[PDB]
Amino acid sequence: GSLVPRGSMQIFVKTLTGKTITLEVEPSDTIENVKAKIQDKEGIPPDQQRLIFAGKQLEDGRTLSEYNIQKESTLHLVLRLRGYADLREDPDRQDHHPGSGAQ
């Protein structure tokens, strides 16, 4: 059971049962996008997923830069883990940008 990340982001996450899932971290990366990383590990829904930082749980969904919070260290956010990962058929899309280059 091993898969390769897309954003090359790795973090430490501990579930209630003890399971561990790799999550992405960044100043401009909020739980909104992070949900795509954790979803590939177990597939836990961010809508119900709980965010626990420094033992304190939260709910709001903002960036570390805007919320000035420390999530690029140790964060554990998992709701009723299950255990389901893979290398194929995972939550990941293309990070391309628009063109619009006329003469």
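Throughout, read-outs are computed from the coordinates displayed, never taken from laboratory work. Note: ideal-geometry Cβ built from the backbone for every residue, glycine included; neighbour counts use all protein chains shown.
Based on what the data block shows, is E66 of a type in the set (D, E), surrounded by 10 or more Cβ atoms within 10 Å (Cβ to Cβ) and in contact with a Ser or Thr (Cβ under 9 Å, 6 or more places away or on another chain)?
On the way: of a type in the set (D, E): yes; surrounded by 10 or more Cβ atoms within 10 Å (Cβ to Cβ): yes; in contact with a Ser or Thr (Cβ under 9 Å, 6 or more places away or on another chain): yes.
The answer is yes for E66.
Taking only the range 59-103 into account, find how many residues are hydroxyl-bearing (S, T, Y) and more than 21 Å from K41 (Cα to Cα).
We begin by selecting, within the range 59-103, every residue hydroxyl-bearing (S, T, Y); these are 63, 65, 67, 73-74, 84, 100.
Going one step further and asking which of them are more than 21 Å from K41 (Cα to Cα), we end up with 63, 65, 67, 100.
The number of residues fulfilling the criteria is 4.
Which one is surrounded by the fewest Cβ atoms within 10 Å (Cβ to Cβ) among residues in the range 40-51 that are part of a loop (DSSP other than H, G, I, E, B) and touching a helix residue (DSSP H, G or I) at 6+ places or on another chain (Cβ under 9 Å)? Give the derivation first.
Narrowing the range 40-51 to residues part of a loop (DSSP other than H, G, I, E, B): 42-50.
Those left that are additionally touching a helix residue (DSSP H, G or I) at 6+ places or on another chain (Cβ under 9 Å): 44-47, 49.
Values: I44: 22, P45: 11, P46: 18, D47: 7, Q49: 17.
It comes out as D47.
Within the range 52-63, identify whether any single residue is touching a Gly at 6+ places or on another chain (Cβ under 9 Å) and either within 23 Å of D95 (Cβ to Cβ) or crowded, with 18+ Cβ neighbours inside 10 Å (or both), and answer yes or no.
Going residue by residue through the range 52-63, those that are touching a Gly at 6+ places or on another chain (Cβ under 9 Å) are none.
Among the residues of the range 52-63, not one is touching a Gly at 6+ places or on another chain (Cβ under 9 Å) and either within 23 Å of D95 (Cβ to Cβ) or crowded, with 18+ Cβ neighbours inside 10 Å (or both), which makes the answer no.
Looking at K37, is it touching a residue at least 24 places away in the same chain (Cβ under 8 Å), under 23 Å from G1 (Cα atoms) and surrounded by 17 or more Cβ atoms within 10 Å (Cβ to Cβ)? Break it down stepwise before answering.
Numbers: touching a residue at least 24 places away in the same chain (Cβ under 8 Å): yes; under 23 Å from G1 (Cα atoms): yes; surrounded by 17 or more Cβ atoms within 10 Å (Cβ to Cβ): yes.
Yes; evaluated as a whole, the condition is true for this residue.
Could you say which residue among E72, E32, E24, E66 is part of a loop (DSSP other than H, G, I, E, B) and under 23 Å from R82 (Cα atoms)?
Numbers: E72 fails: under 23 Å from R82 (Cα atoms); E32 fails: part of a loop (DSSP other than H, G, I, E, B); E66 fails: under 23 Å from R82 (Cα atoms).
After applying the criteria, what remains is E24.
List the residue pairs whose Cβ atoms are under 7 Å apart, where the first residue sits in the range 48-62 and is under 13 Å from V78 (Cα atoms), the second is in a loop (DSSP other than H, G, I, E, B) and of a type in the set (D, E, K, R), and the two are 6 or more positions apart or on different chains.
Pairs that qualify, where the first residue is under 13 Å from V78 (Cα atoms) and the partner is in a loop (DSSP other than H, G, I, E, B) and of a type in the set (D, E, K, R), are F53/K71; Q57/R50.
For a quick check of your reading of the model, give me the residue pairs whose first member lies in the range 78-103 and is closer than 30 Å to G1 by Cα, whose second is surrounded by 12 or more Cβ atoms within 10 Å (Cβ to Cβ) and of a type in the set (S, T, Y), with beta-carbon atoms closer than 6 Å and at least 6 apart or on different chains.
Hits for this filter: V78/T15; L81/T15.
Which residues, counting only those in the range 11-26, are without any contact (Cβ under 8 Å) to a residue 60 or more places away in the chain, more than 11 Å from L77 (Cβ to Cβ) and touching a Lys or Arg at 6+ places or on another chain (Cβ under 9 Å)? It would help to see each step written out before you state the result.
Going residue by residue through the range 11-26, those that are without any contact (Cβ under 8 Å) to a residue 60 or more places away in the chain are 18, 20, 22-26.
Now restrict to residues that are more than 11 Å from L77 (Cβ to Cβ): 18, 20, 22, 24-26.
Residues satisfying the conditions are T20, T22, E24, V25, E26.
Quick one: which of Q94, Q70 is among the polar types (S, T, N, Q), within 15 Å of the chain's Cα centre (by Cα) and over 23 Å from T17 (Cα atoms)?
Values: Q94 fails: within 15 Å of the chain's Cα centre (by Cα).
Result of the check over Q94, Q70: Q70.
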